[PDB]
Each structure stands twice: as C-alpha cells, then as structure tokens.
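Trainee: Below is one structure. I have some questions about it.
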There are 2 protein chains.
Amino acid sequence: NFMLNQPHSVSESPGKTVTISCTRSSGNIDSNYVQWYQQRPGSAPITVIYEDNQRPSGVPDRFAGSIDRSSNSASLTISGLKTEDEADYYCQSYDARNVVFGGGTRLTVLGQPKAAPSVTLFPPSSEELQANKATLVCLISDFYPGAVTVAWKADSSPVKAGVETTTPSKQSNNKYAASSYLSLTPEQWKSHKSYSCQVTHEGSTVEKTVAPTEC
Amino acid sequence: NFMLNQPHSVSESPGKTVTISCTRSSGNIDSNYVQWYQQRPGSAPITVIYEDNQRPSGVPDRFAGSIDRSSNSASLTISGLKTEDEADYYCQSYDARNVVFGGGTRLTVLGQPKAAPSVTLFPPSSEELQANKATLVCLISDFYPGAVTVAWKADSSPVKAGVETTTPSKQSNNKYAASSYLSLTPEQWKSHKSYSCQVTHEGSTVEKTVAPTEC
Ligand SMILES: Cc1c(CN2CCOCC2)c(=O)oc2cc(O[C@H](C)c3ccccc3)ccc12
C-alpha cells in the first residue's frame, strides 16, 4: 500500500528548466513504471510521459522523465519553459491492489505578458426577439491577466439592473475569456437610441455601442 | 485504437443509486481490464475500481464495477450517494500496448433543483465584420447542474477548429452561465447556408441555427 508524494506547487519564469519530483513511500521506484499527466484548468488530461521516460507523439521534446533509484523517486523535467506549460502535473505508478496517483503539482509560469481584451458587442438576435427576449451579449476574449470590470449604458446613462458577467476562464491560447449579458425586454431595447458595453482592463477602457437595427 | 464512450453527465439526490456506462467501440470488453478513476473538484484522481470489479483498500463497498459482454460495456454503480461522491469519473482500458481513456462523466449530487439552459445564438455584428471577423457567440444561461457539452456545425458538418467554450460559473441567481464562440472569417461565414450551436445538458440536446442575411 505505497503512496506517491509530489510538491503542491512550483513556479519558474519562461526559458528556464523546472523539475517536479514524485517520491514512493515504500518499495523500490524501479519495481513499477511511472507515468506523468498534464491537466489544464477545467479540461481533459493528457499523458506527457509513460514507462518512466517515453513521450507520446505530439508531446514536445522539452518534457523529460527520469527515475532516481537511491531516493525511490521519479522526476518530470520541463526545459525552455513556455506559458502554455502552466498546468497541474500528476505522477502515477502501480501497487498490486491499485493504480496509485501523486497529489498533483500546480506549475505557475511567471511573467506572462499583459494582453488587452478583444471586445465584441452583439445586439438582440431575431429568434430571441420573436420569443419576447432582448438579451445583449458582450464577448471579452484574449486578455491577461484574468480580471476585468464591465459597465453598461442605456443611451448615455448607467444601467443598474439585469447585468451578469461570467468568471473569466483560461482558453487554449492561454489567455482569458468571459461574456457579460444584459437581459432586456424588447420594450427596453426599442425605447432607447443605443446600449453600450464598457470594459476596463489594467487601467485601459474599451467601449462598444449597438442600436436597434433597420429590419 | 478503439474508443470508450461514456455519458457526459449523470445526477441524483443523496441516498440514491447511480450507474455510469463505458462502451468499447470495437473488440471485446472482455479482452482487457477496465479501471475507473474518480477526480473530485480541485482534487487529484484516485482509483475506485481496477480489473473490472476490484476495490482498492479504503474504497467503500457502495462502489461496484461490472462488465456486460453482450453490450460490450463496463459499468460503475454507486449506491447510498454521498455529497463527497460528486466528481468526474473516467473508465480506462487497453488494446495491446495502447492505453485508452473514456471522455469522462460528471456526477453531480444535486444541491438545488435541476434547471434547463437558456440558449441564444448571435450572428456576426456589423462592427466586427468591418474588422474581418465573423465570430458567432452561443450564450448558455440559468442552468443546473453546471455540466454542458457544446458542439458546432457548418451546414450539417461538425466544426472543431476555432471553438472556445468558457468554464461555467454561478451567477447572481445561483444558477450557471457560460458562452461558446466560433472565430469565423467573413469569407467562411458567407460561404455556408448556416451555422449551428448544439448544447447538451443532463441528456437533453438543443440546437440553435443562424444564416448569413440582410434582415
Ligand atoms: C482523455 C485522456 C487522455 C488522452 N487520450 C484520450 C484517449 O485515450 C488515450 C489517451 C490521457 O492521456 O489521459 C487521461 C487520463 C485520465 O484520467 C486520469 C486518471 C487523470 C489523470 C490526471 C488528472 C485527471 C485524471 C482521463 C482522461 C485522459
């Protein structure tokens, strides 16, 4: 009944080499093969190492696996670190009455460059207006770090009701996305000259404006 | 290179029984051992079943594995559901050397009433089209549990390229919201009769469609 012990967390800056260790609590590390998994936030894990040091196809050659018999440990070494490498890493081996996992190591890559959001404002769709709804959506994408402030306007005036903004989540380009949506009635949408979505990120503000359409 | 097919999600109240299936696309389920892994939210994976029906020590007998040769499927049955059972469950097997994982099933132990999502599909805005962008947005709101699967189509064919979907987040009404966006060029948009957003929640699938128009 052995366990595998990994650090809860490690951090390193881009271009440098980071090592993540996995210690076996009883028996010899070389009695069974060690695998490593990478898991990105709210997303599907992949195998980066199998049979201690073998990379599946598609895994960058920057990932290397090793065993140290004297410490009864295994290591994942990532050289020339990239931003995309930020993830949780798990080691795994085998124990007669079990497949055994380490507790996971969260790898933080430091110094990621700031990125301003792409902002797109959508007026109400035909289909939702037919169903007596006039929800607007403001898509905010490609931003880093993962925090924004959103305000809406009805004509020039602040909107005080009906706004929701999703918690930003990290997408496949390693930058954040969120949507803000304003749940108008058709009467509210048609009774104003326009609505606006104002997005602030790192002290810069982007504002988009849409108006009732000519069909 | 057979596939293992699991349902996207399952849910029940505390004290109930739930079954998760795992269907092998080709070959005999019999030919190779099936493992089940549990990953609780924000936790490391643990093995709950190995060799089709063996429980590791510390795994309670409320967990049961089985094989059905006739349906070429494996099942995990959890009786006396507890709130700690909420997790992603993955089945796993082998064809010769190659390790194969199922897609995973989210199990929710219901903490509030079920709620079907509001799904709204927005066509491209005039302003993003002048920037050579025809991004579509699929807004998904007011849902519980928080698990959804999104798929896109160009006419009748599946898309994978250009799709991003946000991690669902709880909003001010204590229900989930998320958005999926498809990053088209105006040339891609105008060159199809339509595009579709398909949202699956709790074994209900809904589909919204938009078409390049001038009304
Ligand atoms: C999807 C997936 C993969 C990727 N392929 C999917 C098709 O079969 C071959 C492998 C994987 O390598 O490893 C996985 C591993 C999984 O579960 C293990 C227990 C795990 C590892 C780390 C975190 C969470 C779960 C679940 C899914 C996968």
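Starting from 1 in every chain, residues are counted up; chains themselves are A, B, ... following the order of the structure tokens, and ligands are numbered from 1 as listed.
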Set out as a Markdown table a contact list for chain A and chain B with a cut-off of 8 Å, giving each residue of chain A that qualifies its closest atom pair and distance in Å to one decimal, counting only C-alpha atoms, ordered by chain and rising residue number.
Mentor:
```
| residue | atom | partner | partner_atom | distance |
| --- | --- | --- | --- | --- |
| A:42 | CA | B:167 | CA | 6.5 |
| A:44 | CA | B:103 | CA | 7.9 |
| A:90 | CA | B:44 | CA | 7.7 |
| A:97 | CA | B:56 | CA | 5.8 |
| A:98 | CA | B:56 | CA | 5.8 |
| A:99 | CA | B:47 | CA | 6.2 |
| A:100 | CA | B:46 | CA | 7.1 |
| A:101 | CA | B:46 | CA | 6.5 |
| A:102 | CA | B:44 | CA | 7.4 |
| A:103 | CA | B:44 | CA | 5.3 |
| A:104 | CA | B:44 | CA | 6.0 |
| A:120 | CA | B:128 | CA | 6.8 |
| A:121 | CA | B:125 | CA | 7.3 |
| A:122 | CA | B:125 | CA | 5.8 |
| A:123 | CA | B:125 | CA | 7.4 |
| A:124 | CA | B:122 | CA | 7.6 |
| A:125 | CA | B:122 | CA | 5.7 |
| A:128 | CA | B:120 | CA | 6.9 |
| A:137 | CA | B:139 | CA | 7.7 |
| A:139 | CA | B:137 | CA | 7.6 |
| A:164 | CA | B:171 | CA | 6.7 |
| A:165 | CA | B:171 | CA | 7.7 |
| A:166 | CA | B:169 | CA | 6.0 |
| A:167 | CA | B:169 | CA | 5.9 |
| A:168 | CA | B:166 | CA | 7.7 |
| A:169 | CA | B:166 | CA | 5.8 |
| A:170 | CA | B:166 | CA | 7.8 |
| A:171 | CA | B:164 | CA | 6.7 |
| A:172 | CA | B:164 | CA | 7.5 |
| A:177 | CA | B:166 | CA | 6.8 |
| A:178 | CA | B:166 | CA | 6.9 |
| A:179 | CA | B:179 | CA | 6.7 |
| A:214 | CA | B:215 | CA | 7.5 |
| A:215 | CA | B:215 | CA | 4.9 |
```
Trainee: Could I get chain B fitted onto chain A (least squares, all C-alpha atoms, in order) as a compact mmCIF listing (two decimals) with C-alpha atoms, in the first residue's frame?
Mentor:
```
# COMPACT_ATOMS: atom_id res chain seq x y z
CA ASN B 1 -13.78 12.98 -5.07
CA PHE B 2 -10.83 15.38 -4.28
CA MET B 3 -9.95 18.03 -6.98
CA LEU B 4 -6.46 18.74 -8.49
CA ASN B 5 -5.89 22.50 -9.02
CA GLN B 6 -3.39 23.71 -11.67
CA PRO B 7 -2.76 27.28 -12.88
CA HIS B 8 -4.61 28.04 -16.19
CA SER B 9 -1.39 29.09 -18.05
CA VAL B 10 2.40 29.72 -17.78
CA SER B 11 4.92 31.15 -20.37
CA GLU B 12 8.68 31.72 -20.78
CA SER B 13 11.26 32.39 -23.55
CA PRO B 14 13.38 29.59 -25.07
CA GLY B 15 16.21 28.28 -22.78
CA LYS B 16 14.42 29.26 -19.50
CA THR B 17 12.95 27.03 -16.73
CA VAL B 18 9.21 26.83 -15.91
CA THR B 19 7.37 25.04 -13.04
CA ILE B 20 3.69 23.92 -13.14
CA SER B 21 1.97 23.08 -9.76
CA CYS B 22 -0.86 20.63 -9.07
CA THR B 23 -2.56 21.02 -5.62
CA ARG B 24 -4.76 18.21 -4.15
CA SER B 25 -7.89 19.74 -2.43
CA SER B 26 -8.34 16.98 0.25
CA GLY B 27 -6.29 13.95 1.41
CA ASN B 28 -2.48 13.52 1.19
CA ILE B 29 -0.71 13.99 -2.23
CA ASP B 30 1.53 11.13 -0.84
CA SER B 31 -1.38 8.64 -0.71
CA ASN B 32 -1.53 8.08 -4.54
CA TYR B 33 0.79 8.37 -7.64
CA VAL B 34 0.72 11.56 -9.77
CA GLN B 35 1.07 11.40 -13.57
CA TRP B 36 1.77 14.29 -16.00
CA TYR B 37 0.47 14.28 -19.61
CA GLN B 38 1.63 16.64 -22.45
CA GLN B 39 -0.69 17.47 -25.40
CA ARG B 40 0.97 19.65 -28.10
CA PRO B 41 -1.45 21.69 -30.29
CA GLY B 42 -3.15 19.34 -32.83
CA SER B 43 -1.41 16.25 -31.38
CA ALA B 44 -2.20 13.19 -29.20
CA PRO B 45 -1.30 13.20 -25.48
CA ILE B 46 1.93 11.54 -24.22
CA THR B 47 3.04 10.74 -20.65
CA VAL B 48 6.07 12.81 -19.54
CA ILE B 49 6.00 11.64 -15.82
CA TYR B 50 4.38 8.64 -13.99
CA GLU B 51 4.65 7.60 -10.30
CA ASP B 52 5.50 11.25 -9.26
CA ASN B 53 9.01 11.36 -10.83
CA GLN B 54 9.56 8.49 -13.40
CA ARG B 55 10.31 9.43 -17.03
CA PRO B 56 9.23 7.08 -19.86
CA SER B 57 12.02 6.24 -22.32
CA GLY B 58 12.31 8.96 -24.97
CA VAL B 59 11.34 11.70 -22.45
CA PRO B 60 14.40 13.96 -21.96
CA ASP B 61 15.82 14.65 -18.49
CA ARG B 62 14.89 18.41 -18.92
CA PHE B 63 11.50 17.14 -17.58
CA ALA B 64 11.35 16.55 -13.80
CA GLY B 65 8.46 15.55 -11.51
CA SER B 66 8.39 16.18 -7.71
CA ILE B 67 6.01 16.03 -4.69
CA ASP B 68 5.81 18.54 -1.75
CA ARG B 69 3.95 16.90 1.19
CA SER B 70 3.69 20.24 3.14
CA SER B 71 1.76 22.08 0.31
CA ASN B 72 -0.03 18.77 -0.66
CA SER B 73 1.16 19.50 -4.26
CA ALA B 74 2.95 17.86 -7.20
CA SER B 75 5.12 19.91 -9.65
CA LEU B 76 6.46 19.45 -13.19
CA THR B 77 9.68 21.43 -13.90
CA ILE B 78 10.90 21.87 -17.50
CA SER B 79 14.49 23.23 -17.94
CA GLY B 80 16.16 24.41 -21.21
CA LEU B 81 12.72 25.25 -22.76
CA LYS B 82 12.36 24.37 -26.47
CA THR B 83 9.55 25.51 -28.87
CA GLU B 84 8.36 21.81 -29.02
CA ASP B 85 7.48 22.04 -25.24
CA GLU B 86 4.49 24.40 -26.02
CA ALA B 87 1.42 22.31 -24.98
CA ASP B 88 -1.38 21.72 -22.42
CA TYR B 89 -0.02 19.80 -19.37
CA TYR B 90 -2.46 17.83 -17.15
CA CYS B 91 -1.71 16.21 -13.76
CA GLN B 92 -3.68 13.08 -12.71
CA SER B 93 -4.12 10.97 -9.55
CA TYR B 94 -6.64 8.62 -7.77
CA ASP B 95 -8.74 8.50 -4.58
CA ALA B 96 -9.24 4.76 -4.23
CA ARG B 97 -10.94 3.59 -7.51
CA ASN B 98 -11.82 7.09 -8.91
CA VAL B 99 -9.40 8.69 -11.47
CA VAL B 100 -9.01 12.52 -11.00
CA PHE B 101 -7.56 14.94 -13.62
CA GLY B 102 -6.37 18.54 -13.13
CA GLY B 103 -7.98 21.27 -15.32
CA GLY B 104 -4.75 21.62 -17.42
CA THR B 105 -2.10 24.36 -17.77
CA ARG B 106 -1.34 25.93 -21.20
CA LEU B 107 2.50 26.41 -21.54
CA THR B 108 3.42 28.98 -24.24
CA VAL B 109 7.08 29.30 -25.42
CA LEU B 110 6.90 33.04 -26.18
CA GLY B 111 6.93 33.81 -29.94
CA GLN B 112 6.17 37.57 -29.57
CA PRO B 113 5.84 40.19 -26.77
CA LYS B 114 3.19 39.59 -24.04
CA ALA B 115 0.05 41.72 -24.49
CA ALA B 116 -2.78 42.22 -21.92
CA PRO B 117 -6.33 41.93 -23.43
CA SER B 118 -8.79 44.79 -24.15
CA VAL B 119 -12.05 43.72 -22.39
CA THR B 120 -15.40 45.37 -23.33
CA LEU B 121 -18.78 44.16 -21.90
CA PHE B 122 -21.93 45.06 -23.88
CA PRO B 123 -25.44 45.18 -22.28
CA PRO B 124 -28.51 44.00 -24.24
CA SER B 125 -29.46 45.93 -27.48
CA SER B 126 -33.05 47.32 -27.92
CA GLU B 127 -33.63 45.10 -30.95
CA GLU B 128 -32.69 41.76 -29.23
CA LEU B 129 -34.85 42.73 -26.14
CA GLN B 130 -37.96 42.96 -28.49
CA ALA B 131 -37.12 39.31 -29.51
CA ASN B 132 -37.15 38.22 -25.78
CA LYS B 133 -33.29 37.99 -25.80
CA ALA B 134 -30.98 39.70 -23.29
CA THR B 135 -27.68 38.14 -24.50
CA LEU B 136 -24.58 39.93 -23.06
CA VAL B 137 -21.24 39.94 -25.04
CA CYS B 138 -17.71 40.20 -23.54
CA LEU B 139 -15.23 41.18 -26.32
CA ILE B 140 -11.59 40.21 -25.53
CA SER B 141 -8.98 41.53 -28.08
CA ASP B 142 -5.25 42.29 -28.73
CA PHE B 143 -3.84 39.57 -26.37
CA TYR B 144 -0.73 37.29 -26.31
CA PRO B 145 -0.33 34.49 -25.41
CA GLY B 146 -3.65 33.11 -26.77
CA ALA B 147 -4.85 31.44 -23.51
CA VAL B 148 -7.75 33.09 -21.51
CA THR B 149 -10.22 31.85 -18.87
CA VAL B 150 -13.69 33.54 -18.71
CA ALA B 151 -16.15 33.44 -15.77
CA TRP B 152 -19.56 35.16 -15.43
CA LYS B 153 -21.46 36.38 -12.29
CA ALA B 154 -25.15 37.27 -11.66
CA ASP B 155 -24.74 39.92 -8.88
CA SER B 156 -21.95 38.24 -6.77
CA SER B 157 -22.79 34.56 -7.67
CA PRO B 158 -21.17 32.38 -10.37
CA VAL B 159 -23.18 31.51 -13.58
CA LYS B 160 -22.43 28.36 -15.66
CA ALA B 161 -25.73 27.93 -17.58
CA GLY B 162 -25.93 29.89 -20.88
CA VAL B 163 -22.11 30.62 -21.25
CA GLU B 164 -20.25 30.15 -24.57
CA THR B 165 -16.68 31.31 -25.24
CA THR B 166 -14.98 31.24 -28.72
CA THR B 167 -11.55 29.67 -29.39
CA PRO B 168 -9.04 32.54 -29.62
CA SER B 169 -7.88 33.41 -33.16
CA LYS B 170 -5.00 35.56 -34.49
CA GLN B 171 -6.20 38.85 -36.08
CA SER B 172 -4.57 41.24 -38.65
CA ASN B 173 -2.21 42.72 -35.94
CA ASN B 174 -0.85 39.16 -35.10
CA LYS B 175 -2.54 39.24 -31.63
CA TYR B 176 -5.51 37.06 -30.42
CA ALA B 177 -9.23 37.92 -30.08
CA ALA B 178 -12.21 36.01 -28.68
CA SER B 179 -15.74 36.67 -27.29
CA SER B 180 -17.82 35.17 -24.47
CA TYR B 181 -21.65 35.50 -24.53
CA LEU B 182 -24.27 34.80 -21.84
CA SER B 183 -27.76 33.96 -23.23
CA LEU B 184 -30.12 35.65 -20.66
CA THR B 185 -33.93 36.23 -20.98
CA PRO B 186 -35.03 39.85 -20.41
CA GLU B 187 -36.68 38.52 -17.14
CA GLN B 188 -33.26 37.14 -15.90
CA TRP B 189 -31.45 40.43 -16.87
CA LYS B 190 -33.97 42.76 -15.15
CA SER B 191 -34.15 40.54 -12.00
CA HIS B 192 -30.47 41.17 -10.96
CA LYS B 193 -28.71 44.43 -9.92
CA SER B 194 -25.80 43.53 -12.30
CA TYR B 195 -23.88 40.94 -14.36
CA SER B 196 -20.05 40.65 -14.59
CA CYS B 197 -17.52 39.20 -17.11
CA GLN B 198 -14.18 38.12 -15.48
CA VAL B 199 -11.19 37.49 -17.84
CA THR B 200 -7.93 35.83 -16.59
CA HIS B 201 -4.79 36.11 -18.81
CA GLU B 202 -1.21 35.26 -17.67
CA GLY B 203 -2.18 35.44 -13.92
CA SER B 204 -3.93 38.83 -14.31
CA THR B 205 -7.75 38.83 -13.75
CA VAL B 206 -9.89 41.82 -14.90
CA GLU B 207 -13.70 42.20 -14.35
CA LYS B 208 -16.26 44.37 -16.24
CA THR B 209 -19.86 44.89 -14.98
CA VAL B 210 -23.15 46.09 -16.59
CA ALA B 211 -26.54 46.89 -14.97
CA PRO B 212 -30.11 47.15 -16.37
CA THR B 213 -30.55 50.96 -16.99
CA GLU B 214 -32.36 53.47 -19.31
CA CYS B 215 -29.30 55.72 -20.09
```
Trainee: So which bits of stretch 85-139 of chain B end up strand (DSSP E or B) when you DSSP the backbone, as a ChimeraX atom specification?
Mentor: /B:87-95,98-101,105-109,115,118-122,136-139
Trainee: Please return, as an NGL selection string, all residues of stretch 13-208 of chain B that DSSP assigns to alpha helix (DSSP H) on the basis of the backbone.
Mentor: :B and (126-130 or 186-190)
